[PDB]
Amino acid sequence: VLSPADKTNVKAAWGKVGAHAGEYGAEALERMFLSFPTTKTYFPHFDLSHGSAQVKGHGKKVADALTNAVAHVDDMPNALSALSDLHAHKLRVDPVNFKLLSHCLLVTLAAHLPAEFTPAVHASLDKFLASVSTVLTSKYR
């Protein structure tokens, strides 16, 4: 649903993230793979160690998809339809995992943006990531 305030908030905070978006993604993936070992089950082909260039390259991929969502926030289904097919319809990704990733993303953002991660932005950002997750699991329903 994402009210007009949330959109503004998500746009602002993503703005600050700017060119670090890819470094931010790679970090979020790292916090997830460590904190939540059960997610590593989907990435048995990766080297998931601290400096893995596969985690880096994948972090940028996650960051760009999110940047695409922000830029197309009033049309996310259309924007991400293809990544839905993939995630929901081909890799068959357990939905619970999208919460764990969104959580790690929020931790990464809190760790880097101490001025912009207010209560309100945190709330917006949580809603935004909940929507992106809904679209990604959309096949499932």
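What we label the rigid core is the largest C-alpha set whose atoms superpose within 1.5 Å from one form to the other. Note that residue numbering begins at 1 and tracks the sequence as displayed.
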note = Stretch farther from shown form by Cα RMS in 6 other deposited structures of this protein, picked from 87-95 and 108-116 after core fit, is 87-95
ask   = Mean C-alpha B factor from the entry: is it higher for 54-62 or for 81-89?
value = 81-89
request  = Tell me which of 130-138 and 1-9 has the higher mean C-alpha B-factor in the deposited entry.
outcome  = 1-9
ask   = Checking the entry, which one of 113, 26, 48, 106 has the top C-alpha B factor?
value = 48
key: CA B-factor placement of residue 44, once the chain's modelled residues are sorted into thirds   = highest
ask   = Ranked by Cα temperature factor within the chain, is residue 15 in the lowest third, the middle third or the highest third?
value = highest
ask   = residue 70's Cα B-factor: lowest, middle or highest third of the chain?
value = middle
